[PDB]
Amino acid sequence: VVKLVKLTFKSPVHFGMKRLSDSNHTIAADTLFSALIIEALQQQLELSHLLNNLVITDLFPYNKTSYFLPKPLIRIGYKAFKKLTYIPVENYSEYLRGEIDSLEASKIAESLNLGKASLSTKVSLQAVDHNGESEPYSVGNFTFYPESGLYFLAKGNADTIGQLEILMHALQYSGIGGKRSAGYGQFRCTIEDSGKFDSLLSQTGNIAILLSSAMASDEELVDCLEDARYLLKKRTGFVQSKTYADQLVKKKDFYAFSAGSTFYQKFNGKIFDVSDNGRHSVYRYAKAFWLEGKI
RNA sequence: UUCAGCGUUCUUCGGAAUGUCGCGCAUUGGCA
């Protein structure tokens, strides 16, 4: 049951990539899954549905004009083609067939208006009272245009879909990304049946494109890599919880194929464990959502 | 010789702001 989940952001979001100063306009499926797990644990729900039947996608840019999917890594002005990152759903088939030209790719890049990124310079006055000093730091945020929003597609049974609806409503108050609970990431989310995507997903093409940041199991990896065009993205971070350890602990470093990576042989994903001797297992979504296309 | 005032100017010409600062310091950065 693939359900579109559109997110409208009221306040700017941080979405850090490596540092607090930087910012991204989207987040990986794992970052969303980790937020969904944290929420389910707060609301005292069973994690079996999320860990066994929920399939999600990286949040993708959406505009009133169009919904943007990630640019497939398919061999085809090379600058114009490399600058392009997201292609509207209507132009995805044209891009796959090679019917797109460099000027058309430039127009597609200009078409997206997800938002306007910025850097907010904050200060910490915690040490001023102890003969210390104010400490400047920078938070990179991204402000969506009013029509613009981030959407994700969630697939699963009816039970996990309803659980997702509950977690999503709680999540909007919780927020997403970094510096949430410090002014950022408040969003309001709608869950609906989308005719566009379900029709798009009902295609049996010769190539498979990874909607979500995903990694195959070892046995899956050996068949999948042959003839694959892909971009290994390091997935790293600290553990966010009150019960994992007394102090803040980094997760084990993970590498996942990025969204838009094209694999000839489809691989199902796996919820990996990036924990290192903690009081609970830190789950890292790496399951795979596939858009089959014809090239 | 008496009887009366009547007309014309109602303000004018200059000067209309000027000079001086136009953010500084601390954290940060930089050097070590």
Side-chain angles (χ1 to χ4, degrees), chain A residues 7-35 37-39 42 58-61 68 70 79-80 82-86 109-110 112-146 148-150 171-188 213 231-256 258-259 274-278 282 284:
Chain A
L7 287 72
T8 300
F9 301 89
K10 323 318 199 153
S11 54
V13 299
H14 177 253
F15 293 172
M17 313 181 290
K18 223 185 61 172
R19 310 183 188 278
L20 190 64
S21 301
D22 76 18
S23 187
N24 193 12
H25 52 274
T26 50
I27 38 163
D30 46 62
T31 299
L32 163 76
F33 186 82
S34 63
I37 294 286
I38 288 174
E39 206 59 59
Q42 288 182 0
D58 298 0
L59 272 69
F60 294 143
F68 295 81
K79 292 182 177 59
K82 291 184 186 305
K83 268 54 166 184
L84 181 59
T85 316
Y86 293 100
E110 193 50 59
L112 174 58
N113 299 299
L114 193 51
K116 190 178 312 181
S118 34
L119 185 73
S120 189
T121 322
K122 305 167 158 52
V123 81
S124 179
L125 303 167
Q126 288 289 95
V128 182
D129 322 79
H130 320 278
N131 296 321
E133 206 89 38
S134 55
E135 187 206 281
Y137 69 100
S138 296
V139 168
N141 48 89
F142 180 88
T143 302
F144 295 89
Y145 293 157
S148 309
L150 295 186
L171 244 188
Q172 295 161 172
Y173 306 114
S174 300
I176 46 175
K179 284 322 177 72
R180 57 163 201 118
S181 96
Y184 292 97
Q186 291 292 302
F187 65 93
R188 236 51 62 183
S213 187
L231 191 272
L232 258 188
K233 182 207 321 179
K234 191 171 180 57
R235 309 298 307 120
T236 47
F238 289 74
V239 176
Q240 173 182 282
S241 58
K242 328 175 196 66
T243 168
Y244 186 76
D246 297 75
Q247 39 153 39
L248 300 164
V249 177
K250 292 185 60 58
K251 314 170 181 182
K252 290 193 313 175
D253 305 2
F254 182 82
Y255 290 84
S258 303
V274 286
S275 170
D276 161 354
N277 279 309
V282 177
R284 181 174 281 292

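What you see below is based on every heavy atom in this structure, not just the backbone, and it leaves out hydrogens, waters and symmetry mates. Quick note on labels: first sequence line is chain A, next is B, and so on, each numbered from 1.
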Sign check on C1'-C2'-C3'-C4' at B:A4 (positive = north, negative = south) puts the sugar north
B:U9|B:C10 base stack, centroid gap <5.5 Å, plane angle <30°: no
Classify the angle between the aromatic ring planes of A:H25 and A:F142 as parallel (below 30°), tilted (30 to 60°) or perpendicular (above 60°). tilted
From CD of A:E135 over to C1' of B:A26, roughly how many Å is that when rounded to an integer? 14 Å
A:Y137 atom OH is separated from B:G29 atom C1', nearest whole Å, by 19 Å
In whole angstrom, give the distance that lies between atom CG of A:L119 and atom P of B:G29. 14 Å
Is there a donor in the side chain of A:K116 and an acceptor in the side chain of A:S118, or the other way round, less than 3.5 Å apart? no
Pairing of A:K252 and A:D276 as salt bridge, 4.0 angstrom limit: no
Using atom P in both nucleotides, what's the gap between B:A4 and B:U8 to the nearest angstrom? 22 Å
Hey, does the base of B:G24 sit stacked on B:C25, as in ring centres below 5.5 Å and plane angle below 30°? yes
Measure CZ/A:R19 against P/B:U28 and give the value in whole Å, please. 18 Å
Can any side-chain N or O of A:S23 pair as donor or acceptor with the backbone N or O of A:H14 at less than 3.5 Å? yes
Round to the nearest Å and state the distance from A:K122 atom NZ to B:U27 atom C1'. 17 Å
